[PDB]
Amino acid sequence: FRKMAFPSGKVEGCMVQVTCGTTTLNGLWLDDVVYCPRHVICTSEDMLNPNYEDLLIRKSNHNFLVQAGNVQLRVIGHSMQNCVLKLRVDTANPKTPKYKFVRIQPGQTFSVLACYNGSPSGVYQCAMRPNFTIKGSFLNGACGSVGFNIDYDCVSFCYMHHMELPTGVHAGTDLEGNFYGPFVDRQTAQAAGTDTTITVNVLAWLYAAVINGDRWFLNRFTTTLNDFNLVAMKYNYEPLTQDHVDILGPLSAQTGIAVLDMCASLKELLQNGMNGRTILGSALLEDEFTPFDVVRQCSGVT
């Protein structure tokens, strides 16, 4: 059982390089529009307190160099939507997949295609943390890298990368330029909220463990939502809602372990530790697999 990313080919054909002045980063080329972080128009002078509308009026179409591989794309228009810049180019991307822009919720997972100088370099699975950061792996130049899910042939883009917080976690926007979390695109003192653990995902992963033959943590007991949430709060876990319990319905039916039966196991795992054992080859309780992730990996959905 592994963190599995979506196949990235449909997204790779959308990645381009955008250069504005001395700043290079990545853009997403779909139809005749390249999307990228609006902070590409910042100089080190105005990174501290940018006036983006003023900085954008000062720029012209020619201030943006857009390169799809070795081919230059001519920019014929520019505009801003929230914190993303939209560069109209004269050529529609012939590799544009079926796609949509979606905003995800904390706890949901997605694949990240990390890119540098417009070139895809690596792919990995991420989750949107409860504090709206993501624990990514990004070097300088990674901005404009995107996160996505694939459903049938349709790519749902949910994340565009903007910045790294002092603690090393990452912050970005959806593809309409709306930030995830209480963050702003300016170089200033910013810190994530105290993070919490994604309870429903931990449960999903315990079900994955059971499905894969790791059963030592199961017990005879059950609990109540009310009782478990008092433990969840104590251990900095997200509260468990009736909606979560229902989403775990399928896994409860396949394994014959009811969610509040699995909560009793989880409660004991939190209250007494793991007694030097492991679960799915992990010494920690993993919280970046959704219920859907568990089913898809134990069902082989293409």
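Residue indices: 1-based, along the sequence shown.
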property	result
121 to 129 or 191 to 199, whichever carries the higher mean Cα B-factor	191 to 199
Between the two ranges 99 to 107 and 73 to 81, the one averaging a larger CA B factor in the entry	73 to 81
Selection from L87, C143, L225, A204 [criterion: highest C-alpha temperature factor in the record]	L225
B-factor third for the C-alpha atom of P291 within its chain	middle
Record-listed C-alpha B factor of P239: chain third	middle
Chain-relative CA temperature factor third for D153	highest
Assigned third (lowest, middle, highest) for the C-alpha B factor of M262	middle
Chain-relative CA temperature factor third for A92	middle
